[PDB]
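Down below is the structure, laid out as structure tokens.
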Amino acid sequence: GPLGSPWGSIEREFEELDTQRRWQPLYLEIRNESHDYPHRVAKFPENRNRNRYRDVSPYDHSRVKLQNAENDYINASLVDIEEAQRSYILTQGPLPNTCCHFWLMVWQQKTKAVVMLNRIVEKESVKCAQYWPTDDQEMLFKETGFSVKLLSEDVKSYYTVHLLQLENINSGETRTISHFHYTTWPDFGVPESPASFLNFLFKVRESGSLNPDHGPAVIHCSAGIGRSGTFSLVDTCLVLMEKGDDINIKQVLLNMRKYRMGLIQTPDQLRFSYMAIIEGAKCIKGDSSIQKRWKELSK
Ligand SMILES: CC(C)CCN1CC(c2cc(O)c(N3CC(=O)NS3(=O)=O)c(F)c2)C1
């Protein structure tokens with residue numbers, strides 16, 4: 001094949017964008033080439049109190065449906081990329097009256113992990129409801145028949161992991177859910193460092209929660225598009241390079257935007273994605289002797 005390293009094509013494109021200061025023009029191309037798709041159900045009058053933001057809706061062809069309910073609607077989208085054997089659900093931070101629907105979805109889809117990338121309060125405004133308990137009291141969701149209990153808490157400098165017990169009162173079953181909370185990523189902002197973000201993604205992966213033997217993981221922030229889209233694009237692109245595909249980041253992002261509108265919301269969020277994909281690629285382990293030498297010489 002080509003003479004470069006596994007990440008060489010992406011790294012040279014990054015340097016060229018920096019030197020010519022072309023991050024804003026590229027972000028504008030992506031916005032202009034993103035097609036729109038029908039989102040009629042989201043706009044029904046009966047669903048107005050189920051949406052956090054009037055300008056952020058799931059498309060009809062990929063929305064997640066609630067089963068055995070009179071109104072099947074939730075502001076959530078299935079993003080499935082079968083070239084990488086990866087499936088995700090991207091969703092808004094639930095409102096006080098949609099927390100019950102959020103846990104019904106987690107149960108019906110056989111999810112093992114929830115990845116949360118926002119704080120409850122940001123710049124003096126509420127961004128998400130308190131949908132899990134912080135002490136030893138059980139938290140009851142009576143509309144859909146679930147209860148939630150805190151089992152364990154592990155607090156680090158820039159993220160926290162909660163283990164939660166989710167009880168289906170109607171079926172007499174419980175499951176253990178892993179709750180991965182990144183606590184230092186600002187709204188319309190970027191994480192502290194590539195190294196910080198990547199340590200977090202490796203913890204999510206090590207738990208097995210993204211593997212094809214579980215249901216899709218639930219990823220959310222406040223609207224479910226800016227920070228959630230950054231996390232999913234970086235993870236998907238790293239899987240594709242691991243399997244050997246020669247990838248074009250603009251092309252992969254446009255394809256993922258066919259499943260949910262607006263993923264990645266600023267030019268600096270796009271630039272951070274390139275940096276995390278390059279630095280992460282240098283961490284992957286494998287059997288190739290050639291690949292291992294590239295890693296040692298680039299550290
Ligand atoms: C022009 C206005 C009248 C439109 C009304 N809106 C849409 C809003 C919105 C969009 C977002 O993309 C985000 N996020 C930023 C990110 O970095 N992650 S996010 O949680 O998705 C957000 F917090 C809020 C506000």
Side-chain angles (χ1 to χ4, degrees), residues 23 26-28 30-32 34 36-37 39 42-43 47-59 62-64 74-79 88-96 98-99 101-102 105 114-132 158-160 179-194 196-198 200-201 204 216-236 249 253-254 256-277:
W23 289 105
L26 175 62
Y27 186 72
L28 263 293
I30 291 162
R31 193 73 245 210
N32 281 150
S34 308
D36 183 31
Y37 300 91
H39 42 102
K43 294 295 180 173
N47 293 322
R48 298 203 280 231
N49 64 0
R50 294 184 175 203
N51 295 313
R52 180 168 291 281
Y53 303 108
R54 278 161 83 170
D55 296 300
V56 183
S57 294
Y59 300 133
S62 53
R63 71 178 183 101
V64 174
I74 182 170
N75 194 311
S77 307
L78 180 71
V79 182
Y88 322 87
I89 295 172
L90 271 66
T91 190
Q92 71 186 17
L95 298 157
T98 73
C99 291
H101 308 142
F102 170 100
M105 182 175 65
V114 176
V115 177
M116 166 187 183
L117 306 166
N118 63 291
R119 298 176 82 99
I120 300 295
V121 177
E122 306 177 323
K123 309 287 226 233
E124 295 292 49
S125 166
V126 172
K127 311 294 287 185
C128 177
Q130 186 68 56
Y131 65 86
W132 81 94
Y158 51 108
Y159 74 92
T160 298
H179 183 248
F180 293 97
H181 189 182
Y182 198 97
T183 54
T184 53
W185 191 346
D187 196 34
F188 295 97
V190 295
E192 163 110 359
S193 64
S196 198
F197 170 92
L198 288 171
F200 180 76
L201 175 63
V204 177
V218 167
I219 321 297
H220 83 83
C221 47
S222 191
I225 62 174
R227 293 167 279 181
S228 294
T230 299
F231 174 96
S232 297
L233 178 74
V234 168
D235 179 61
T236 283
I249 293 174
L253 178 62
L254 281 170
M256 293 167 93
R257 276 183 173 221
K258 299 197 211 180
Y259 297 86
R260 188 172 173 81
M261 46 166 74
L263 308 186
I264 303 192
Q265 280 283 293
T266 76
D268 214 41
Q269 286 185 345
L270 185 63
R271 183 168 184 279
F272 183 88
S273 293
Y274 273 72
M275 291 205 279
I277 289 162

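Just so you know, ligand 1 is whichever comes first in the structure, and atom 1 is the first atom listed for that ligand. Residues take their numbers from the sequence shown, with the count starting at 1. All values below were derived from every heavy atom in this structure, side-chain atoms included, with hydrogens, water molecules and symmetry-related copies excluded.
Ligand 1 places these atoms under 4.0 Å from at least one heavy atom of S222: 20 (O), 23 (F). The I225 neighbourhood of ligand 1 comprises atoms 12 (O), 21 (O), with distances under 4.0 Å to a heavy atom of that residue. Residue contact check: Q265 has heavy atoms under 4.0 Å from atoms 12 (O) of ligand 1. With ligand atoms numbered from 1 in the order given, ligand 1 contributes 21 (O) to contacts under 4.0 Å with heavy atoms of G224.
By the 30° and 60° cut-offs, the orientation of the rings of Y37 relative to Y59 is perpendicular.
For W185 and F231, the gap between ring centers reaches or exceeds 6.0 Å.
Checked against a 3.5 angstrom limit, the closest N/O atoms of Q269 and ligand 1 fall inside it. By the 3.5 Å distance cut-off applied to N or O atoms, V56 is not counted among the residues near ligand 1.
In terms of the side-chain contact (heavy atoms from CB on, under 4.5 Å) criterion, residue partners of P216 (sequence neighbours excluded) are, by chain and number, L78, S87, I89.
In summary, of the residues considered (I30, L233, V79, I225), a side-chain contact (heavy atoms from CB on, under 4.5 Å) with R257 occurs for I30 alone.
Closest to atom 14 (N) of ligand 1 among all protein heavy atoms lies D187 OD1, 3.2 Å. In terms of protein heavy-atom proximity, atom 21 (O) of ligand 1 is closest to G226 N, 3.0 Å. The nearest heavy-atom contact from the protein to atom 19 (S) of ligand 1 is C221 SG, 3.6 Å. Scanning all protein heavy atoms for the shortest distance to atom 1 (C) of ligand 1 gives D55 OD2, 4.3 Å. Distance from atom 8 (C) of ligand 1 to its nearest protein heavy atom, with residue and atom name: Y53 CD2, 3.8 Å.
In the model, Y88 has a side-chain atom that pairs as donor or acceptor with a side-chain atom of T236 under 3.5 Å.
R50 has its side chain out of reach of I74: every pair of non-hydrogen atoms, C-beta onward, lies at least 4.5 Å apart.
Residues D187 and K123 are not paired through a salt bridge, judged by the lack of any N-O separation under 4.0 Å between the basic side chain and the carboxylate.
Under 4.0 angstrom from ligand 1, the non-hydrogen atoms of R227 come from both its backbone and its side chain. Contacts with ligand 1 closer than 4.0 Å are made by heavy atoms of both the backbone and the side chain of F188. When heavy-atom distances to ligand 1 are checked against a 4.0 Å cut-off, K127 comes that close only through its side chain, counted from C-beta outward.
Side chain of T98 to backbone of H101: no donor-acceptor contact under 3.5 angstrom is found. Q92 contributes no side-chain N or O that, together with a main-chain N or O of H220, makes up a donor-acceptor pair within less than 3.5 Å. Formation of a donor-acceptor pair under 3.5 Å by the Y53 side chain with backbone atoms of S222 is not found in this model.
Contact annotation: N118 has no heavy atom less than 4.0 Å from any atom of ligand 1.
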